[PDB]
Amino acid sequence: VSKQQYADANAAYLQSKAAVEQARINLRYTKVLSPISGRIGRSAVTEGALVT
Amino acid sequence: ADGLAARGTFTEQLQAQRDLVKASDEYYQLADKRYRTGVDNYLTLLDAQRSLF
């Protein structure tokens, strides 16, 4: 297999790996990680609210 | 007269034949440059070597 075919194959490999990394951060946003450490207050919403 | 006819035509026949092998060798060297650069693979160069042969 020629060198240009492999250099085009691994480029699409890295592009799909970047697409999976783009999906993983949207999947990590659904579990709302605490941005800092501290004291958390009263939850302004409860279970069942629609957020945006 | 048969020998004279063949002597009359085989000169241009072999001239047109040696030009064919020269053009096929030029095709083989261009395909070898494409293989050395990295555009074509080792399966395409062998298909030009057979045309040389």
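Calculation criteria
- Residues numbered from 1 in each chain as written, not as in the entry; some residues may be left out.
- Chains lettered and ligands numbered in written order.
- Part of a larger assembly, values for the part shown.
- Heavy atoms only, no water.
- Helix = DSSP H or I, 4+ residues; strand = E, 2+ residues; numbered from the N terminus.
- Rg over C-alpha atoms; globule rule 2.2 N^0.38 Å.
- Areas by Shrake-Rupley, 256 points an atom, 1.4 Å probe, with all protein chains shown as cover.
- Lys, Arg positive; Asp, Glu negative; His and termini not counted.
- Charge placed at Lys NZ, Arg CZ, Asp CG, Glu CD.
- Contact = heavy atoms within 4.5 Å.
- Buried area = accessible area lost by both parts, 1.4 Å probe.
- Salt bridge = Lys/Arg side-chain N within 4 Å of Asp/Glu carboxyl O.
- Polar contact = N/O pair within 3.5 Å; in protein donor to acceptor, adjacent residues only side chain to side chain.
- Nonpolar A, V, L, I, M, F, W, Y, C, P; charged D, E, K, R; others polar.

- Going by what the PDB entry lists, chain B is known as Outer membrane protein OprM and is assigned to Pseudomonas aeruginosa.
- In its PDB record the entry is named "OprM-MexA complex from the MexAB-OprM Pseudomonas aeruginosa whole assembly reconstituted in nanodiscs".

- The PDB entry lists chain A under the name MexA family multidrug efflux RND transporter periplasmic adaptor subunit, with Pseudomonas aeruginosa as the source organism.

### Quick word on the overall build of chain B
Step number 1: Along its length, chain B carries two helices and zero strands.
Step number 2: A compact globule built from 53 residues should have a C-alpha radius of gyration of about 10 Å, whereas chain B, at 17 Å, is more than 25% larger.
Step number 3: Along the first, second and third principal axes, the C-alpha set of chain B runs to 55 × 15 × 10 Å.
Step number 4: A total of about 4500 Å² of accessible surface is found on chain B, and carbon and sulfur atoms cover 56% of it.
Step number 5: Counting 7 positive and 8 negative side-chain charges, chain B places the centres of these two groups 5 Å from one another.

### Looking at the interface of chain A and chain B
Step number 1: If you look at the interface, chain A gives five residues, while chain B gives four residues.
Step number 2: Each partner contributes to the roughly 270 Å² buried at the junction of chain A and chain B, and carbon and sulfur atoms together form 54% of this total.
Step number 3: The largest share of the area that chain A buries against chain B comes from A:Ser2, A:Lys3 and A:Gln4, three residues that together contribute 78% of it.
Step number 4: Counting across the interface, chain A meets chain B through zero salt bridges.
Step number 5: At the boundary of chain A and chain B, one finds three residue pairs in polar contact.
Step number 6: Its residues assigned to classes, the side of chain A that touches chain B comprises one nonpolar, three polar and one charged.

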